[PDB]
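*Asks:* my complex, first installment, coordinates as in the assembly:
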Amino acid sequence: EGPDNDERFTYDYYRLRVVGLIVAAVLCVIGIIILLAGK
Amino acid sequence: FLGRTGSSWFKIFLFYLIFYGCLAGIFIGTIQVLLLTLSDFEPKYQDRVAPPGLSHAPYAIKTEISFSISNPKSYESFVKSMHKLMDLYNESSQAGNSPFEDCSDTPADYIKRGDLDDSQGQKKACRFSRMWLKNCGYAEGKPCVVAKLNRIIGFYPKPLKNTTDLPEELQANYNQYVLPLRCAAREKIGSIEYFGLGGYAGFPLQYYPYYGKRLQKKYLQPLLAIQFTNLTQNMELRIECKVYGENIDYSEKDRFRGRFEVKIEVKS
């Protein structure tokens, strides 16, 4: 917007962290699954 | 030789020459495409400069400016940087209707020169006289520090509204058009005196938004001179200058995020 362009200097680092941690966890689980296919 | 024969030494050179040549050519290619995705007028991200920093002229050894009044070369270090900044706000530097403009001698509202486009020439910036900085060689005794708000493209600094209570409760509250700066230390052993545009202790909103170096060269940002004619002597005084606003915030880590950290000591 014009004088109300506050969103330009903002970033949702909170969501990014939530998503990043979700991904890291799921990649960790997936890895266990493939490894445990025989121990 | 060490490893191989001459014939082998050559072949290993012909390889790494072509190899590293290709790699350099590829690296450069990826740099090209990166640049191709970027604007010339505005950076892709601005969230890391977001809350504006407040910086001053006196080059602090460690957020400190200690010196002796009864000594000449005791403050000549801080006068070097003080001069460096103010030397830019000369009237001879601001000549003709291009690219400067005479703006309200009193704090006014924002000025939009269109978009971040080259569809116009150099966006015309507001003039600023160093003569608006009353009282301030500089203060040989009791320094005359000069404040400054860090430039951010498209940033509209918004002052606080007088809805509720305020630190400098309602005094000279130019609510609509001034970004205030109140310095503090309890520990009240000083004498705060502020100088600026229109005589106000703030930044005139008519100097915003900044259109960037590419669209606004020679642009001048507003200054706020602060003088501490303290009646005390020979002690470290931790003075913090704070700016207030809707778009202004602070951090425990970044001690320059919209504020000062000055340790004055007139050890004379």
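*Replies:* Structure's in. What do you need? Residues are numbered from 1 along each chain as shown, chains lettered A, B, ... in the order given.
*Asks:* quick one: the closest residue to residue B:255 other than its chain neighbours and residue B:24, what's the gap?
*Replies:* Nearest residue to residue B:255, sequence neighbours excluded (Cβ to Cβ, 6 or more residues apart in numbering or on different chains): residue B:261, at 5.0 Å. Backbone N, C-alpha and C define where each C-beta goes, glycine included. Using Cβ to Cβ, to the nearest Å, we find residue B:261 at a distance of 45 Å from residue B:24.
*Asks:* And for residue A:38?
*Replies:* Distance from residue A:38 to residue B:24, by Cβ to Cβ: 46 Å.
*Asks:* Give me the more crowded residue out of the two.
*Replies:* residue B:24 (10 against 5; other Cβ atoms under 10 Å in any protein chain shown).
*Asks:* Checking my notes, the more buried one in a helix, right?
*Replies:* Yes. Judged by DSSP: H, G, I helix; E, B strand; the rest coil, residue B:24 forms part of a helix.
*Asks:* residues in contact with it?
*Replies:* Contacts for residue B:24 (Cβ atoms under 8 Å, 6 or more residues apart in numbering or on different chains) come out as none.
*Asks:* do the same with residue B:54
*Replies:* Contact analysis of residue B:54 by Cβ under 8 Å, 6+ apart lists B:147-150, B:181, B:241, B:243, B:256-260.
*Asks:* That one pairs with what?
*Replies:* Residue B:54 has these beta-bridge partners by DSSP bridges: residue B:149.
*Asks:* give me the number of residues near the residue of the stretch 51-200 of chain B found nearest chain A?
*Replies:* Nearest residue of the stretch 51-200 of chain B to chain A (Cβ to the nearest Cβ) works out as residue B:156 at 4.6 Å. Neighbour count for residue B:156, taken as other Cβ under 10 Å: 20.
*Asks:* so it touches residue A:1, yeah?
*Replies:* No. Between residue B:156 and residue A:1 there is no contact under Cβ atoms under 8 Å: 10.0 Å.
*Asks:* tell me the contacts of the residue lying closest to residue B:55 once chain neighbours are set aside?
*Replies:* The spatially closest residue to residue B:55, leaving aside those adjacent along the chain, is residue B:148, at 5.3 Å (Cβ to Cβ, 6+ apart). Contact analysis of residue B:148 by Cβ under 8 Å, 6+ apart lists B:54-57, B:85, B:221, B:223-224.
*Asks:* Can you tell me which of those has the most neighbours?
*Replies:* For the contacts of residue B:148, the largest number of neighbours (other Cβ under 10 Å) sits with residue B:224, at 27 neighbours.
*Asks:* Am I right that it is in contact with residue B:136?
*Replies:* No. The criterion here is Cβ under 8 Å, and residue B:224 misses it with residue B:136 at 11.6 Å.
*Asks:* between the two, what contacts are shared?
*Replies:* B:146, B:195.
*Asks:* How many residues are close by the residue nearest to residue B:255?
*Replies:* So residue B:261, with other Cβ under 10 Å, has 16 neighbours.
*Asks:* residue ranges for the helices of chain A, please.
*Replies:* Remark: helices assigned in chain A by DSSP state H are A:13-35.
*Asks:* That one against chain B: which residues are in contact?
*Replies:* Residues of chain A lying near chain B by Cβ under 8 Å from any Cβ of the partner chain: A:2-3, A:5-6, A:8-11.
*Asks:* Drop chain C onto that structure:
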Amino acid sequence: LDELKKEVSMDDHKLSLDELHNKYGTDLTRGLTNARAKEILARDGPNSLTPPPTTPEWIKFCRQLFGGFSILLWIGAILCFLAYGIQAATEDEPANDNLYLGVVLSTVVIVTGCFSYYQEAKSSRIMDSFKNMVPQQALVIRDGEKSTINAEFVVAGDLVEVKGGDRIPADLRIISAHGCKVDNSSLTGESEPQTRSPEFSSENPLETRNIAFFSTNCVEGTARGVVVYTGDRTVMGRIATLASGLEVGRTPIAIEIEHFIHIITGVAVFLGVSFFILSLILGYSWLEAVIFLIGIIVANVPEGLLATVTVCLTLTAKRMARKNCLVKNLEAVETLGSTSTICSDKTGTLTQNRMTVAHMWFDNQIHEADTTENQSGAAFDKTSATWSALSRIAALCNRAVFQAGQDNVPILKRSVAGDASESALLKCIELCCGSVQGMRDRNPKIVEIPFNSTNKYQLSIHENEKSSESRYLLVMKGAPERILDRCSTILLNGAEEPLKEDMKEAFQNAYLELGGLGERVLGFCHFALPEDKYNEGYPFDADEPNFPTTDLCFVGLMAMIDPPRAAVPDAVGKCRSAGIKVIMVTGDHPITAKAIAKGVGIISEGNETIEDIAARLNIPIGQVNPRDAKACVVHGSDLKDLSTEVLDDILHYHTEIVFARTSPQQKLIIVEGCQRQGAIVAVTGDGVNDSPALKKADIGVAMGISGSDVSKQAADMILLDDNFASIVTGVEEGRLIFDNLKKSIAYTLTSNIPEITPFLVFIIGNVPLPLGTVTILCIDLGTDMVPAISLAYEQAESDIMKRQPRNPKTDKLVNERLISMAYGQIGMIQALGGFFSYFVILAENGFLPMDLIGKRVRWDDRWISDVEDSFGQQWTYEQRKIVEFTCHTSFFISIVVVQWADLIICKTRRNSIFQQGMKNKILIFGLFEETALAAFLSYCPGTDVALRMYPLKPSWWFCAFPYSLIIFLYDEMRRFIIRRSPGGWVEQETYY
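*Replies:* Next up, chain C placed on what we already have:
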């Protein structure tokens, strides 16, 4: 020091009984005086063995703390505290950087110390096992009276008494004996009881009957003797000292480790000081000049590599534990793969160590029995009525019996009370005719004449199990020729017939052939006594010939031997196909040694000794060109008078070598001889007479079930199931781990470049620091760990058992070809991918690449809280630093992303991934966990403080992707060239 002990012993068995007493101031009848014995005790010292001085574990741990990488990491750790000290004095720095980094680095050294300490293990209790062979007490005659004393109180000169069941307390001169037999397997590896008597019977004291040795035991009878040697001075006490004293030495794998440590340490100190001066010339304060150096150290040293090696070794040892192959020393996991020569004991190693029936001669025909443990062969005969007649004599004319409670275990494995030949016959009949006890119940024995020294035969009279007869049957066995002189008829295919010169000659032929096979041959015959001349109550006199022992019916011959283990012949061939030379080294007699050599394939068909040529051509052995003989059989008595140079010529000039009747020191000498030629040697054995050889071997392998305690103490590896096929597996595993270590090392080293280059450009370019010191440790200690380990699970790219053993002088674990690829090619591509992401982060935040050159001065200036970017904006100190640390984070993640491809390319040295596939599940696990770790390190809240890791935007992750892919393609194209032309260019330059 031990050169004296490598020699054959000298003795006094030639002296008379009386003469021997003069030498030791002793009485043959009364024994020593209580006072004289105590005097000699203080004189000579105790009858005991003293363990050699060991190196304390303290010094062993700390010796690892100073090996190249640890030295450089120490210099870094101290240089951290140096810069910290210089700070704490000058400008009060409230930070924790140099202090904490110095603590972290010192911990890295200590923990890395534990890993190398675990790898360099030496579990040795040789002398302890020997000490277990000295009895607690001994029986001596002192002042004309026998008393039990502490065996340590035994001295040279006293009169000692031994009987069946006790250990020989010391080396004795036999002066009196009654039916005494002894088990000399300690000195020979052969357990067949040896008679002991006062009479001297051989010039060689290790063969004479009038000497009994410490480390052996009396098996039966009784004997008295004069002590000639005590403690360390006994024959086997010296073997003990020799074995326990032998210097261990460095393994092939250990030597390889130290070698690349020198290389990497070399480049580290080179670039280290090369850029330390390069910085001072550029006008960098010593305050900074050291900070850069610390970074250089951390970049160059692969912090997690030595521990990777250890884990890869451990994991390989775990797989072998699961095939009944125990590894006592982690490094011995690889030595077997580098082995070019095997020196093998015969008895209990190549062989089962059990007299077993091998052939039978009946019906004018040679039949072969199955000698294998698990009986993997086939039948020979069941139909012939002759067989049942021979079978009956083998069961009936036999006094051997199975021990109680064995019905659970297989026939051939069960313990038997009796001599070896009777046990063999027992197990033979029990196997192919069912319960022998049944046959001995159906035919009650009424009278017998046990095998006599003079008779040379054993006879028995039984009540025929037949109801229509119920009469008296006579059976006998003995020396084949003696049995022949007592026969008139031969049971041919059922019916008897006169013994004509024809069948008599066929007997001699059969007899000579079986004997030629190194087999012990016995004759078997029976006689159905006439009914009218022998009533149902007729008494037979065993003392005086009350019955005919002539004109009997010859039934057949039976031959026997201690046979090879089932898997041994095939394992020997497999070792030989892998280009490993196999030598036999045995305490056993030459005829037996040679026969098993041919049986297992040590001596291949057609190959001759000089003696074979001479007999075939009917010419003198001196007339034979010895170069015409590729095979040789060396008796220990001849070995004794040969110099080592002459032993070296034997080793060089023969492909098929048999060392027979060797002493324990002689086995050591043969091993050393092989090593002297530059060969990596394995020893396989099971006896205490293998202990010195096992110790000296680059790798000693002991048998687990049949092995003596001493042998298993001296070994690096134990075959817990006695499965000789495990050697073949071991060499295969050893070769595979050697290749996979290269892959894992290249992988680990490759990521050093993207950690070095940022520090260099930081100096030469004056740009903001692209990657931090902490960030490097997050790679080498964090992300790269599981991937690097996973390479240990790689399958072979080709048939590794088809290639020759590596040349330990030329074929190195880390060579110039590895460095060229890891440092010069792939690591260089990784460095760029790192830098790219760095320029991306900065440029998207407003600092375009062009304006970055020569900005570090203002960038690092803590007092400039207004640096101008390319777009004209102003940044505080902490603001720009957040972007900088975000650059460290994405550079870090870029390494991870480019290591994805590197992990896949390091999978194979030659083959394509499209050929080898992706069947390594640990590797895939590594990829997922590596990426999980990196994401966690970036996105987990608080990690921005502890590690300076900042959250990355999604687009950031993909910066290095095009570089990751170029790596995959590049290496795939390169290896395509290797395969397409075995010539050499790409091969001799980059083939690890």
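*Asks:* Chain C added, so what about the neighbour count of residue B:156 now?
*Replies:* 20.
*Asks:* ok, now residue C:925?
*Replies:* 23.
*Asks:* Check which element follows the helix or strand it falls within along the chain.
*Replies:* Per DSSP states H and E: residue C:925 is located in helix C:921-939. Proceeding N to C from helix C:921-939, the next assigned helix or strand is helix C:943-946, under DSSP H and E.
*Asks:* residues in contact with that following helix?
*Replies:* C:885, C:936-937, C:949-950.
*Asks:* Run the contact check for the helix holding residue C:925 versus chain A.
*Replies:* Yes. Between helix C:921-939 and chain A, judged by Cβ under 8 Å from any Cβ, the touching residues are C:921-922, C:924-925, C:927-929, C:931-933, C:935-936, C:938-939.
*Asks:* got a winner among the contacts of helix C:943-946 for most neighbours?
*Replies:* Counting by other Cβ under 10 Å, top hit in the contacts of helix C:943-946: residue C:949 with 26 neighbours.
*Asks:* still on that earlier bit, name the helices or strands packed onto the helix holding residue C:925?
*Replies:* Packing contacts for helix C:921-939, counted by 3 or more Cβ pairs under 8 Å, 6 or more residues apart in numbering or on different chains; DSSP states H and E, involve helix A:13-35, helix C:785-790, helix C:877-905.
*Asks:* tell me how far the second one is from the chain's mean position?
*Replies:* Its chain's average C-alpha position is 27 Å from that of helix C:785-790, according to Cα atoms, centre = their mean, to the nearest Å.
*Asks:* Could you give me the buried positions within it?
*Replies:* C:785-790 (16 or more other Cβ atoms under 10 Å in any protein chain shown).
*Asks:* possible to save those residues as TSV with distance to chain B?
*Replies:* Output for the buried residues of helix C:785-790, formatted as TSV (distance: Cβ to the nearest Cβ, whole Å):
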residue	distance to chain B
C:785	28
C:786	29
C:787	24
C:788	25
C:789	30
C:790	28
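*Asks:* and these, which two are the farthest apart?
*Replies:* By the measure Cβ to Cβ, C:785 and C:790 form the most distant pair in the buried residues of helix C:785-790, at 9.6 Å.
*Asks:* Touching, residue C:17 and residue C:210? I think so.
*Replies:* No. Assessed by Cβ under 8 Å, residue C:17 is found out of contact with residue C:210, at 9.1 Å.
*Asks:* which residues does residue C:591 contact?
*Replies:* residue C:518.
*Asks:* Please confirm that it is located within a helix.
*Replies:* Yes. Assessed with three-state DSSP, residue C:591 lies in a helix.
*Asks:* any idea how far it is from residue C:833?
*Replies:* Taking Cβ to Cβ, one finds residue C:591 at 71 Å from residue C:833.
*Asks:* again, but for residue B:257
*Replies:* 34 Å.
*Asks:* So those two - more neighbours on which side?
*Replies:* More crowded of residue B:257 and residue C:833, by other Cβ under 10 Å: residue C:833, with 26 against 22.
*Asks:* Give the next helix or strand downstream of whichever strand or helix holds the more buried one.
*Replies:* Taking DSSP H and E as the criterion, residue C:833 maps to helix C:827-844. Under the assignment DSSP H and E, the closest C-terminal helix or strand after helix C:827-844 is helix C:849-852.
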